[PDB]
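J.:
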Amino acid sequence: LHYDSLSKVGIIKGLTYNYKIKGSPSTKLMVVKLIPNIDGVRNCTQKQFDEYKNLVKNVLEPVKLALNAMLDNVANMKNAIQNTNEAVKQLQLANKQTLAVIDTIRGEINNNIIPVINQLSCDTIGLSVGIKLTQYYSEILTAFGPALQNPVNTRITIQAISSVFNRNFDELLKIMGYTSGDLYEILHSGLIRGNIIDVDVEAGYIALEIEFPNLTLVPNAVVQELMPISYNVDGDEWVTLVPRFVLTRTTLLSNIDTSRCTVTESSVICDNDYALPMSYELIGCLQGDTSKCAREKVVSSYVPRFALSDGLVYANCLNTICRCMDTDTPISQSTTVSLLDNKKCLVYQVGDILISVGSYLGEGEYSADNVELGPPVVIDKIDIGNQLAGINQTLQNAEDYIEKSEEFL
Amino acid sequence: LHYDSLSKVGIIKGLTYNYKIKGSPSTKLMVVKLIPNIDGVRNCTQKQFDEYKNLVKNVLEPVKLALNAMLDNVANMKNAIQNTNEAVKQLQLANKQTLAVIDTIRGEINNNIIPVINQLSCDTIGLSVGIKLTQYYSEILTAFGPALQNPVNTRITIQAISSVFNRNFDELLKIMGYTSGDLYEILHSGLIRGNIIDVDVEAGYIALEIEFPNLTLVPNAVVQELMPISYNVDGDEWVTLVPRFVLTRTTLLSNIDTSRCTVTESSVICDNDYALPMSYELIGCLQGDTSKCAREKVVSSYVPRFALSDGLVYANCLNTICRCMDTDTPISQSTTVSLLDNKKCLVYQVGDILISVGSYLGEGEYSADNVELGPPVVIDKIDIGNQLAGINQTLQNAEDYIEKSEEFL
Amino acid sequence: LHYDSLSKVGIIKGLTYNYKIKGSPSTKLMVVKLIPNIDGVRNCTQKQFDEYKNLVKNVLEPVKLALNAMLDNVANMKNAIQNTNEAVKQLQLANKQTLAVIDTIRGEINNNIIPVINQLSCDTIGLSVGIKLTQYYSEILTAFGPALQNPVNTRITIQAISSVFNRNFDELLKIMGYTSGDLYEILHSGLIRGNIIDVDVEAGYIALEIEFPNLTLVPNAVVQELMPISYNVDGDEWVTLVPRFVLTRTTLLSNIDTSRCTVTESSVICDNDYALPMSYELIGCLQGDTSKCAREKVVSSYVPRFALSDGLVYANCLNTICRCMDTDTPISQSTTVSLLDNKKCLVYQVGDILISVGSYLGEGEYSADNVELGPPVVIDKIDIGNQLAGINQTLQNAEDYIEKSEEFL
Ligand SMILES: *[C@@H]1O[C@H](CO)[C@@H](O)[C@H](O)[C@H]1NC(C)=O
Ligand SMILES: *[C@@H]1O[C@H](CO)[C@@H](O)[C@H](O)[C@H]1NC(C)=O
Ligand SMILES: *[C@@H]1O[C@H](CO)[C@@H](O)[C@H](O)[C@H]1NC(C)=O
Ligand SMILES: *[C@@H]1O[C@H](CO)[C@@H](O)[C@H](O)[C@H]1NC(C)=O
Ligand SMILES: *[C@@H]1O[C@H](CO)[C@@H](O)[C@H](O)[C@H]1NC(C)=O
Ligand SMILES: *[C@@H]1O[C@H](CO)[C@@H](O)[C@H](O)[C@H]1NC(C)=O
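Chains as they are written, first to last, in my numbering: chain A, 1 to 409; chain B, 410 to 818; chain C, 819 to 1227.
1) What does a CB cutoff of less than 6 Å around B/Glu-808 pick up in its chain, not counting 5 residues either side in sequence?
2) Given B/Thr-657, which residues of its chain have a CB within under 7 Å of its CB, disregarding the five upstream and five downstream residues?
3) My parser needs the alpha helix (DSSP H) runs of 4 or more residues fully inside the stretch 527-563 of chain B; what are they?
4) Can you list, in chain order, every residue whose CB sits closer than 6 Å to a heavy atom of ligand 1?
5) Are the C-beta of C/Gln-1042 and some C-beta of chain A separated by less than 9 Å?
6) Can you grab the Cα-Cα spacing for the pair residue 1308 of chain C / C/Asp-1146, in whole Å?
7) In chain order, what residues of the stretch 671-694 of chain B put their CB closer than 9 Å to some CB of chain E?
8) Please check if any C-beta of chain C sits within less than 9 Å of the C-beta of A/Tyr-184.
9) Could you tell me whether any Cβ in chain A is nearer than 9 Å to the Cβ of B/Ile-791?
10) Using a cut-off of 7 Å between C-beta atoms, extract the partners of A/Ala-398 located in chain C.
11) What does the alpha-carbon distance come out to for the pair C/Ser-1072 and C/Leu-1044?
12) Rounded to whole angstroms, what is the Cα-Cα separation between B/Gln-501 and A/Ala-100?
13) Is there a Cβ from chain A that is less than 9 Å from the Cβ of B/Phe-654?
14) At least one CB of chain B closer than 9 Å to the CB of C/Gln-1151: is that the case?
15) I want to check one thing, is the minimum distance from the CB of B/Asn-504 to the heavy atoms of ligand 6 below 8 Å?
16) When the Cα of B/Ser-416 is compared with those of B/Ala-552, B/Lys-462, B/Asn-641, B/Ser-668, which residue comes out closest?
17) A/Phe-165 by DSSP, collapsed to three states: which one?
18) My guess is that B/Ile-567 and C/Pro-880 are in contact by the Cβ rule of under 8 Å, so how many angstroms apart are they, rounded?
19) Counting only Cβ pairs nearer than 8 Å, list the residues of chain C close to B/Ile-567.
20) Using 10 angstroms around the beta-carbon of A/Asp-123, count the other beta-carbons present and answer buried if the total reaches 16, otherwise exposed.
21) Could you name the residues of chain A that B/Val-608 contacts, counting a contact when the two beta carbons are closer than 7 Å?
22) Would you tell me roughly how many angstroms separate the C-alpha atoms of B/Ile-522 and A/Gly-107, rounded to the nearest one?
23) Would you check if the distance between the CB atom of B/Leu-650 and the CB atom of B/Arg-704 is smaller than 9 Å?
24) Rounded to whole angstroms, what's the CA-CA distance from C/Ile-1209 to A/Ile-102? Just pull it up for me.
25) By the criterion of Cβ-Cβ separation under 9 Å, what are the contact partners of A/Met-77 in chain C?
26) Give the range of the beta strand (DSSP E) segment to which C/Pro-1095 is assigned.
27) Considering just the uninterrupted stretch of the alpha helix (DSSP H) at A/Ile-391, what are its terminal residues?
28) To the nearest angstrom, how far is the alpha carbon of B/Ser-435 from that of B/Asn-562?
29) Would you call the stretch 532-546 of chain B in contact with the stretch 937-954 of chain C, where contact means no fewer than 3 C-beta pairs closer than 8 Å?
30) To the nearest angstrom, report how far apart B/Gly-449 and C/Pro-1193 are at their CA atoms.
31) Can you find a C-beta in chain A that's less than 9 Å from the C-beta of residue 406 of chain B?
32) What separation, rounded to the nearest whole angstrom, lies between the Cα atoms of C/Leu-1191 and A/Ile-38?
33) Taking 8 Å as the cut-off, does the CB of residue 786 of chain C come closer than this to any heavy atom belonging to ligand 4?
34) In whole angstroms, what separates the C-alpha of C/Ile-1197 from that of A/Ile-117?
35) Can you give the Cα-Cα distance for B/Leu-443 and A/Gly-181, rounded to whole angstroms?
36) By a C-beta neighbour count over all protein chains shown, 10 Å radius and 16 as the cutoff for buried, is B/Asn-575 buried or exposed?
Here it is in structure tokens:
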């Protein structure tokens, strides 16, 4: 393409891409298990495990039903002592009564305190499992979420892909025959898709099939955009007419009707092949004859006076008035296409249309408030001991007096 | 456009939109933190905190790997008393033995009951944190979910937007230069997109970049749809041929090839500018000459006999038979286009094609079953006391008898 | 279409679809409740219930704000006994002191152990509720997730659909008038869409409106793809020019400009009707005249030499060289179109372009590691008893000696 001349004719070079053919996909199947198997203690976990299983059922039942509906497609000393003996009997009884109190404590601890602590401790294990199961489900939701949400034609996540290739993106590239450029484009446009082929509700299983495309590259084939704008010819304005997309290989030109192709930032990805032969008369408009080109005179039509590409603004500021905003100055033009630079202002006016230049805004962040947590309530150790020591001191005094009396007697 | 005549020619006025140019986007970066910082007690939370951190790692590792792979693009009284003294010794021993029982209780409570309650209480704090962390992750999943699921070109959520603008949609509108009409269209077609530029797994951080478009409006520019159907000319039928989309500004007309534009309910949003000049011969078909218009005679082709817009059905019921279903009656036509109203029936037949009119269905709801929960198990207070009172009553009787004997002696 | 001849001309039969008109949608509204009502005990659940409610507020506030911003659109014996009586007093005191120790135990259990167990048990109920509420929210996230994430034009999930029709997909089909074929296509292309009309943050309610399309079928109408490739005419090559998509009904042909239609694996779903009449000259190219067809000579253009459909590769291997890779052999051609079979190799070369045939890869799986859990810590029953029995044995010996002395006295 002879741009040195084509620019004066009125056609501005636009974006440059590449050319790829979608081809036929490869397939890999994964079984995703929603319910983990927890062995060991069962009585402490059954309560939370059952509620978790119910969550899984509520999610999968609608998938199983949809797949079935869709199945076709899928002296008086004696008197004095009498008093003594009665006193001893009273202490013999007091001891027995003390034991009744001790027995009451044993009963209360053994029957009301210990059983509660043991039942509660088992319940604590259950809650721990309920938390783990909930977190596991969430991990699945971020990977196979889209597949669970709708059974057919979902975008597959990056986590699902790393599962498929066992945490190895080197293997993904070489197995599929992708370069780093192809992987970017494939993820960018969502070209990796999956479907659910079957489910089994009671086991929590889904059979998820993922299709990975096999794009092929057409060597030395570049898709080139052309953007025509009006230009001034001896006092009035004209428009040059060309196909907006032309395919250039080496020395050959053809047209592409890219109405049914996927367009990414660097490549046009088409099914089959959309290149069609180009007539001689029009080839001259790109090769350097720069005549004919069906230039049309414009009288009663709206015709563009600017074009945008890669952040730049191109405009005809010779035929009409264009100005820079917030500097309050016009832009002159001495060529038919003037380039307006983005380091003068961010808002330009061309005719009656304002063109806004994008800009960078400052950074922000998302987080939870940091919250300090206090310690658990701690029960102190039992402090009795000195009292027990005294009881022993009181007791041997009793012992000492008895031996004392036996000696005198 | 001279619709008063164009209708008789055979072209039905279709939907009316507006015209906007996508322009160049502005950028804002946010750091999203997946792991909160919890200070204070550490031993009670480390267990659940660690499992949570593991959840975050499983989600981000596939993102870090993908971004690296993609990096290039990113008397015998004495005998009688001897018996008395022996009895006293037996009670002295019984007291000592009682203390052994009390010591056993102290040992059991202090060593097996208290330590368990304290360890369990700390575990309760841990579970509380595990729940909070799980809920926090879920909040993130509903806002930055799409970004975590696939690193490139995701739709950004409304929650992510309110984070970017600090819970203020007044600022979003004025900063970007949007009207309420532009915000609706931008959200409707998913024009706000983001990408992940980098991640750091161990801190749980992702660097998420969001691009907000700067749409510009072309003043007094209306995109008008035209819908041609067949009509009867002296016994046979013809079709008028016009571009389906024409751009009308004021007194100027141009064509738009909207095959690569985004179409919303009220506006057509195109990159650059797709308006092209229109020839005089065809302008007359819209201005009021209503001749030429390349009317073509149809002999061996399938040609539409109806058109739909905004819920209405337009049809040619003069050349062919059309009927209302569930009333079992034909519709006559006396004009070439008959309008069928939707308050007569919901299903119309035009030729061999059934046209279904939509209708409103009754309301439903989604909720959990409401479940009543009972009280916790409550351990009663210790009820001993009257027994202790009796022990004291028994004891002073012992006291009273001793003083009694000392008096007699 | 006379394919028996058209193939020799240079046009390959491509994919065959069907023809449907999108029509006008029906509407059904559901109220989705994010906060369940839990009756019964309140003090044990308020803490976790409140944190849950806060989660709901953080999710819905951005929805309420967006909808408001968008509102416009929405002898010395006496001496000897004196010693005896003193000994008895010492045991009377020892008993009283023992009671003080017992009272200390009662105090400690009643004040520091029991209150903690009771407060802790109530806290256990709270944690159980916090887990249930978290799981409930997740169930919602998998069904109405997309709607919460962005208020306008979201794809509705399969779980949301089963909610709308009360777990009955038989009713969905008959109510809407869908066949199993229509349901598949509707889900495949995401044609069921919803919007949020209003929310109420404090109750956790969202008003979600779902639109279900009413597709109509055009009887005996088949959309047929045609794929032209170059062919050799007496030493040089030519390309035949036809519209890529033609509509065949019975004996009638028309063209379809499917640039604005949705294409599924079996049907083309268009708004209104895009069929346009076809001229006689070109009809002959399909009916069997197989002349004219604007065959163009190609001199300086890139022209396709192969076409792909349903996994098959068609190519011109007469004019240019094509070979099978990994067998290292050429493919000869004796017809202008050679069919390359996929059971010989998976990679073919046609000219300079490699064509990759897809293949099946082995199965994988996703699951959590299975982890065995141990038992809870269990506190043993209190083992005192034999000691108590001995205390009773010691005591009646005391009893026996006292009665013994009373007899001698
Ligand atoms: C679980 O309950 C069963 C009774 O069904 C019992 O036999 C078993 O010992 C219990 N196991 C545990 C750890 O409590
Ligand atoms: C008091 O005597 C009891 C006898 O059962 C013994 O267990 C305890 O350790 C002694 N305490 C002191 C301080 O001597
Ligand atoms: C946590 O454990 C450390 C021992 O690593 C100990 O020194 C510290 O006191 C403990 N803190 C709490 C609240 O238990
Ligand atoms: C019984 O005597 C003990 C002595 O230790 C005292 O603590 C307790 O309160 C008294 N109880 C009654 C009812 O008098
Ligand atoms: C809850 O707390 C209130 C005091 O606000 C009290 O009256 C009520 O009895 C308590 N209920 C339970 C089950 O603890
Ligand atoms: C010992 O005597 C006490 C009296 O309070 C009684 O409760 C306990 O059961 C007796 N134990 C044995 C083994 O006789």
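From the three backbone atoms N, C-alpha and C, an ideal C-beta is built for every residue, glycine too.
T.: To lay it out plainly:
1) Residue mapping note: residue 808 of chain B aligns to position 399 of the second sequence, counting from 1. Cβ neighbours of B/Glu-808 within its own chain (closer than 6 Å, five residues either side excluded): none.
2) The count along the second sequence starts at 1 and reaches residue 657 of chain B at position 248. Same-chain partners within the cutoff: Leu-410, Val-631, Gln-633.
3) For the alpha helix (DSSP H) assignment, the uninterrupted runs of no fewer than 4 residues enclosed by the stretch 527-563 of chain B are, from N- to C-terminal side, 554-558.
4) With the cut-off at 6 Å, the residues found are A/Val-41, A/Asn-43, C/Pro-1193.
5) Taking the third sequence and counting its residues from 1, the one referred to as residue 1042 of chain C is at position 224. False, the Cβ-Cβ gap to chain A never drops below 9 Å.
6) Lying outside 819 to 1227, the shown extent of chain C, residue 1308 of chain C is not represented and no answer is given.
7) Any reference to chain E falls outside this structure, whose protein chains are A, B and C.
8) Along the first sequence, one-based indexing puts residue 184 of chain A at 184. With 9 Å as the cut-off, A/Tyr-184 does not count as an interface residue toward chain C.
9) Counting from one through the second sequence, the residue named residue 791 of chain B turns up at place 382. By this cut-off, B/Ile-791 is an interface position.
10) Numbered from 1 along the first sequence, position 398 holds the residue referred to as residue 398 of chain A. Within chain C, the C-beta atoms nearer than 7 Å to that of A/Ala-398 come from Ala-905, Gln-908, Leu-909, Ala-912, in chain order.
11) By 1-based counting over the third sequence, the position of residue 1072 of chain C is 254. By 1-based counting over the third sequence, the position of residue 1044 of chain C is 226. Note on geometry: alpha-carbon atoms of C/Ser-1072 and C/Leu-1044 lie some 14 Å from one another.
12) Start at 1 with the first residue of the second sequence, and residue 501 of chain B comes out as number 92. Start at 1 with the first residue of the first sequence, and residue 100 of chain A comes out as number 100. Taking the straight line from one Cα to the other gives about 18 Å.
13) Working through the second sequence from its first residue, we reach residue 654 of chain B at position 245. No, B/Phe-654 lies away from the interface with chain A (no Cβ there is under 9 Å from its Cβ).
14) On the third sequence, residue 1151 of chain C is found 333 positions in, with the first residue counted as 1. Not an interface residue.
15) Against the second sequence, residue 504 of chain B aligns to sequence position 95. The nearest non-hydrogen atom of ligand 6 is 8 Å or more from the C-beta of B/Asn-504.
16) Along the second sequence, read from residue 1 onward, the residue named residue 416 of chain B stands at position 7. Checking every option, the nearest Cα to that of B/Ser-416 belongs to B/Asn-641.
17) Numbered from its first residue, the first sequence carries residue 165 of chain A at position 165. In this structure, A/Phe-165 counts as coil in the three-state DSSP scheme.
18) Working through the second sequence from its first residue, we reach residue 567 of chain B at position 158. Working through the third sequence from its first residue, we reach residue 880 of chain C at position 62. Contact flag correct, Cβ pair sits at about 5 Å.
19) Your numbering for residue 567 of chain B matches position 158 in the second sequence. Under the 8 Å cutoff, chain C gives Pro-880, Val-881, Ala-884, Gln-967, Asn-968, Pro-969.
20) For the purposes of this step, residue 123 of chain A is taken as the residue at position 123 of the first sequence. Around the C-beta of A/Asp-123, 16 or more other C-beta atoms lie within 10 Å, and the residue is accordingly described as buried.
21) Your numbering for residue 608 of chain B matches position 199 in the second sequence. Going along chain A, no residue has its Cβ under 7 Å from B/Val-608, so there is no contact; the nearest lies around 11 Å.
22) Position 113 of the second sequence, counted from the first residue, corresponds to residue 522 of chain B. Position 107 of the first sequence, counted from the first residue, corresponds to residue 107 of chain A. Linking B/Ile-522 to A/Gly-107 through their CA atoms gives a straight-line distance of about 15 Å.
23) Translated into the one-based positions of the second sequence, residue 650 of chain B becomes position 241. Translated into the one-based positions of the second sequence, residue 704 of chain B becomes position 295. Yes, Cβ-Cβ distance for B/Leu-650 and B/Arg-704 is below 9 Å.
24) For the purposes of this step, residue 1209 of chain C is taken as residue 391 along the third sequence, with counting starting at 1. For the purposes of this step, residue 102 of chain A is taken as residue 102 along the first sequence, with counting starting at 1. Going by the C-alpha atoms only, they are around 12 Å apart.
25) The sequence position of residue 77 of chain A within the first sequence is 77, counting from 1. Neighbours of A/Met-77 on chain C, chain order: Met-895, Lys-896, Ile-899.
26) Indexing the third sequence from 1 puts residue 1095 of chain C at position 277. Following the DSSP letters along the chain, one finds C/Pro-1095 inside the beta strand (DSSP E) bounded by residues 1093-1095.
27) Mapped onto the first sequence, residue 391 of chain A falls at position 391. Here the alpha helix (DSSP H) through A/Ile-391 covers 386-408.
28) Within the second sequence, residue 435 of chain B is the residue found at index 26, counting from 1. Within the second sequence, residue 562 of chain B is the residue found at index 153, counting from 1. Between B/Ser-435 and B/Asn-562, the alpha-carbon positions lie close to 15 Å from each other.
29) The stretch 532-546 of chain B, when compared against the stretch 937-954 of chain C, does touch it at the 8 Å Cβ threshold.
30) Here residue 449 of chain B corresponds to residue number 40 of the second sequence, with the count starting at 1. Here residue 1193 of chain C corresponds to residue number 375 of the third sequence, with the count starting at 1. Here the alpha carbons of C/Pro-1193 and B/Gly-449 stand approximately 30 Å from one another.
31) Outside the displayed span of chain B (410 to 818) sits residue 406 of chain B, for which this structure offers no information.
32) Position 373 of the third sequence, counted from the start, is the residue given in the question as residue 1191 of chain C. Position 38 of the first sequence, counted from the start, is the residue given in the question as residue 38 of chain A. C-alpha of C/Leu-1191 to C-alpha of A/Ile-38: approximately 7 Å in a straight line.
33) Summary: the structure shown does not reach residue 786 of chain C, with chain C confined to residues 819 through 1227, and so no result is reported for it.
34) Locating residue 1197 of chain C in the third sequence gives position 379, counting from the first residue. Locating residue 117 of chain A in the first sequence gives position 117, counting from the first residue. Near 8 Å, if we compare the C-alpha coordinates of A/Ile-117 and C/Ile-1197.
35) The residue labelled residue 443 of chain B in the question sits at position 34 within the second sequence. The residue labelled residue 181 of chain A in the question sits at position 181 within the first sequence. Rounded to the nearest whole angstrom, the C-alpha separation of B/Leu-443 and A/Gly-181 is 30 Å.
36) Here residue 575 of chain B is taken as the residue at index 166 of the second sequence, counted from 1. Exposed.
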